[PDB]
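Down below is the structure, laid out as structure tokens.
The figures that follow rest on heavy atoms only: side chains count, while hydrogens, waters and symmetry mates do not. All chains are named by letter (A, B, ...) in the order of the sequence lines, taking the proteins before the strands, and each is independently numbered beginning at 1.
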Amino acid sequence: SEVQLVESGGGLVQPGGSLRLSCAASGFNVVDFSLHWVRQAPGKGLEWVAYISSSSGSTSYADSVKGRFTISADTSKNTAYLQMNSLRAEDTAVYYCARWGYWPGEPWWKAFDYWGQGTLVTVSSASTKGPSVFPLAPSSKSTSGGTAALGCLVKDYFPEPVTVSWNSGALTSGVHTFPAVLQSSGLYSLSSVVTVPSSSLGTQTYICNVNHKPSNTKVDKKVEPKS
Amino acid sequence: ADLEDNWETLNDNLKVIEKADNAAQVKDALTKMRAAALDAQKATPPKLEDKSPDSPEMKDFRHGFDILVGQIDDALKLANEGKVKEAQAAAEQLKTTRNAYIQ
Amino acid sequence: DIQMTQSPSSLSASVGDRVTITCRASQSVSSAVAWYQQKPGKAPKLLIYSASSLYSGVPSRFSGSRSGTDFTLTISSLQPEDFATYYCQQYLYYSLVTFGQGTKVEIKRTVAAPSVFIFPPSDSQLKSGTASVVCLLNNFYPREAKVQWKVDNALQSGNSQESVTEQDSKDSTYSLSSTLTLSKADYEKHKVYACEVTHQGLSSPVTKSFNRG
Ligand code: NA
């Protein structure tokens, strides 16, 4: 009962390489809406990229990608595609797809009312590397019935992103997962921490679930106090 | 608002399109036309001020700009392809739509 | 190429303040302007369409207005969950879309001291030849803080990096990690590892430390 768009295909591509993104619609027909791609480079603003009318076949592109990108749609699988060629470092961005209704009528006026969650494209000469996951273990000097901090350090992966959950998503309160930091080696690392009552360290486990889709890495790491 | 000034923009830029040399002049004129048409659709002609916004008359007045903007869009697709003569010939639709709506 | 000039680029405001964001179009776009709210890491969300129509489900403290080519987003009563970057957009035609440069909105609040924790490197990391030491500053405001690493009381320089969370959507605080990275050989050269935290909410600098092994 909900409209959604799901981008996929993002990841690492060598400079000058090609990559095809998909935008899968559900809850609505791509024939009934125009579909647009909007990208956001790290720390930068929104930049409109391209659009396609699945019904007519008409397209347009930003001057910054014209001649390199090709947008298309397959109505039978309710999906739009962005074929990106001659990729360069400045194409590194989160790519969002969004719908926009047709003229005439209220649907045209609503602009980008639904967006996908976005998929990150990284253009770089480096290679894919899965993370190593290490415990951040709470100090043995934790107060008697107070608050303890624990976490996992996710080291040396590429490209972004990794996702971190705790106890398979059952623990969300007090979780802080930090933005990744780029090391001088060119790899990323991040920490995810959580604060819990000290009186629960010995009656309940805490496991971080680390997922790095570009390398197909899923790691569960149990974090327990020091001795 | 002022519906008369929006028709000035529409008529003036339609003449720019007719005498244009390249696709950029056509695209720029059509862009100004689309904005003017969207604002014109909001106003009320001085002959239907005692009627209702939901009345058939005002519904038909707004319907004329639905058609007009669709034809601006027809011409914009071609101008965006760099097809100058085609975009000019597509804007000829706007003559007809304009002529048909002087009530 | 229609330009949308957005100002200011950033602002800080207290809870309950009225916030005004402006966007100037370089030519007429009628009322085809939308405003979006973007949380860090998430897709933009539509707030206002056709310059002044409230999108369904958006709280009524958001509103927009048009005056010629001047467009204004107003947040009448700023709430802690309103921290975001906001964008205007003109959508006169499918191929003409441009966005404003964005306005990052931060929430001002009372000082809150961080709770500090230090984490030694794990044995599994040390086996690989690297020692990461992590200092955590939890739930503090304002963001400005000084975190200094001391290794046998020798001040460290150039070998640590910081990361900061976005403002908490409820209490408007930040958390911060400082990670000291050493080779295993350098880590074994020294005994006492300490992170010293200076912040407006701490009456005196807080040190957390451990002894290697
Ligand atoms: Na070192």
Side-chain angles (χ1 to χ4, degrees), chain A residues 40-46 93-94 96 115 117-118 120 136 149 151-154 160-166 169 171-182 188-195 208, chain C residues 6 8-15 17 19 21 35-45 47 59 62 73 75 78-87 101-117 134-145 147 161-179 197 199-201:
Chain A
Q40 185 174 41
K44 302 291 304 168
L46 299 170
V94 175
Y96 300 98
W115 303 56
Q117 82 292 341
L120 178 65
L136 298 168
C152 297
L153 169 66
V154 183
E160 287 203 274
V162 300
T163 63
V164 183
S165 63
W166 284 90
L171 173 66
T172 58
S173 171
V175 174
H176 293 291
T177 298
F178 289 89
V181 178
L182 181 58
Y188 287 98
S189 66
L190 68 70
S191 278
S192 178
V193 299
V194 58
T195 51
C208 61
Chain C
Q6 187 166 350
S9 61
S10 71
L11 66 94
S12 183
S14 304
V15 164
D17 283 0
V19 175
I21 303 174
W35 292 91
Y36 302 88
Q37 179 194 68
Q38 185 184 31
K39 293 283 187 170
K42 304 289 180 295
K45 283 181 186 172
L47 306 171
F62 299 89
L73 174 71
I75 309 181
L78 193 67
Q79 302 293 307
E81 63 266 25
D82 295 342
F83 88 90
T85 298
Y86 296 85
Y87 295 92
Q101 302 69 30
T103 297
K104 185 176 176 186
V105 172
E106 311 172 309
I107 312 299
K108 201 175 307 182
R109 61 148 289 164
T110 62
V111 172
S115 54
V116 188
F117 306 89
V134 177
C135 190
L136 167 66
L137 284 64
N138 210 34
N139 306 336
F140 64 99
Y141 185 91
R143 181 263 174 266
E144 290 75 37
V147 180
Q161 290 175 287
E162 295 186 350
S163 181
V164 189
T165 59
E166 293 276 323
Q167 283 189 276
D168 177 77
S169 56
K170 311 279 170 35
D171 71 11
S172 307
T173 63
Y174 303 86
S175 289
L176 179 151
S177 68
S178 177
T179 297
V197 177
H199 180 273
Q200 196 176 342

TODO: Would you check, one step at a time, whether the test side chain to side chain contact (heavy atoms under 4.5 Å, CB included) holds for A:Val94 with A:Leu120?
DONE: CA-CA 4 Å; A:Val94 175; A:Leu120 178 65; 3.9 Å; yes

TODO: With rounding to the nearest 0.5 Å, note down the distance linking NZ in C:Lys108 to CG in C:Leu11.
DONE: 9.0 Å

Task: Where C:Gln167 and C:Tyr141 come nearest, the two heavy atoms and their spacing - done: NE2-CE1, 3.9 Å

TODO: Report yes or no: do C:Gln6 and C:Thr103 form a side-chain donor-acceptor pair below 3.5 Å?
DONE: yes

- [ ] Report yes or no: does C:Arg143 contribute a side-chain atom to a donor-acceptor pair with the main-chain N or O of C:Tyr174 at less than 3.5 Å?
- [x] no

Task: Heavy-atom donor-acceptor pair, C:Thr85 side chain to C:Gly102 backbone, under 3.5 Å - done: no

Open item on the list: Is it true that, when you exclude A:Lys44 itself, more than 12 heavy atoms of the residues, nucleotides or ligands shown sit nearer than 6.0 Å to its NZ?
Closed with: no

Open item on the list: Set out, in order, the CA-CA distance, both residues' side-chain angles and the distance that settles side chain to side chain contact (heavy atoms under 4.5 Å, CB included) for C:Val134 and A:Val193, then state yes or no.
Closed with: CA-CA 11 Å; C:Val134 177; A:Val193 299; 6.0 Å; no

Open item on the list: Within the supplied structure, the quantity of interest is the number of heavy atoms (other residues, nucleotides, ligands) at a distance under 6.0 Å from C:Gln200 CD; does it exceed 12?
Closed with: no

- [ ] Check step by step if side chain to side chain contact (heavy atoms under 4.5 Å, CB included) holds for C:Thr179 and C:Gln161.
- [x] CA-CA 6 Å; C:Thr179 297; C:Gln161 290 175 287; 5.8 Å; no

Task: A:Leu171 CG to A:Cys208 SG distance, which is reported to the nearest 0.5 Å - done: 11.0 Å

Task: C:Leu176 CG to C:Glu144 CD distance, which is reported to the nearest 0.5 Å - done: 11.0 Å

Open item on the list: If you compare all heavy atoms of C:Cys135 against all heavy atoms of C:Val197, which two are closest, and at what distance to 0.1 Å?
Closed with: SG-CG2, 4.2 Å

- [ ] Give, for atom OG of C:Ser9 and atom CD of C:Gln101, the distance between the pair rounded to the nearest 0.5 Å.
- [x] 9.5 Å

Open item on the list: For the CD1 atom of C:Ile75 and the CG atom of C:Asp82, what is their distance to the nearest 0.5 Å?
Closed with: 5.0 Å

TODO: Kindly write out the residues that satisfy ring pair (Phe, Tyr, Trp, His ring centres under 6.0 Å) with C:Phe117, not counting sequence neighbours, or none if the list is empty.
DONE: none

- [ ] Work out which heavy atom in C:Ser12 is nearest to a heavy atom in C:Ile107; give both atom names and the distance.
- [x] OG-C, 4.4 Å

Open item on the list: Minimum heavy-atom separation for A:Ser192 and A:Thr177, please, with both atom names.
Closed with: OG-OG1, 2.7 Å

Open item on the list: One pair to check against side chain to side chain contact (heavy atoms under 4.5 Å, CB included): C:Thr165 and A:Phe178. What are the steps and the verdict?
Closed with: CA-CA 5 Å; C:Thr165 59; A:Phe178 289 89; 3.6 Å; yes

Task: Distance in Å, C:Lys104 NZ paired with C:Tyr86 OH, rounded so as to fall on 0.5 Å steps - done: 13.0 Å

TODO: Considering non-hydrogen atoms only, spot the tightest contact between C:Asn139 and C:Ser175 and give its length.
DONE: N-OG, 3.0 Å

Task: C:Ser163 side-chain N/O to C:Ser177 backbone N/O, donor-acceptor pair under 3.5 Å - done: no

Open item on the list: I'd like to check A:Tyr188 versus A:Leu182 (side-chain heavy atoms, cut-off strictly below 4.5 Å). Are they in contact?
Closed with: yes

- [ ] Quick one: sort the A:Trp115 and A:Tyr96 rings into parallel, tilted or perpendicular, breaks at 30° and 60°.
- [x] perpendicular

TODO: Spell out, as yes or no, whether a donor-acceptor pair under 3.5 Å connects the side chain of C:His199 to the backbone of C:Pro142.
DONE: yes

- [ ] Grab the two heavy atoms, one from C:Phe140 and one from C:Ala113, that are nearest each other, plus how far apart they are.
- [x] CB-C, 4.0 Å

Open item on the list: Would you say that C:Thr173 contacts C:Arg109 through its side chain, given a criterion of any heavy-atom pair below 4.5 Å between the two side chains?
Closed with: yes

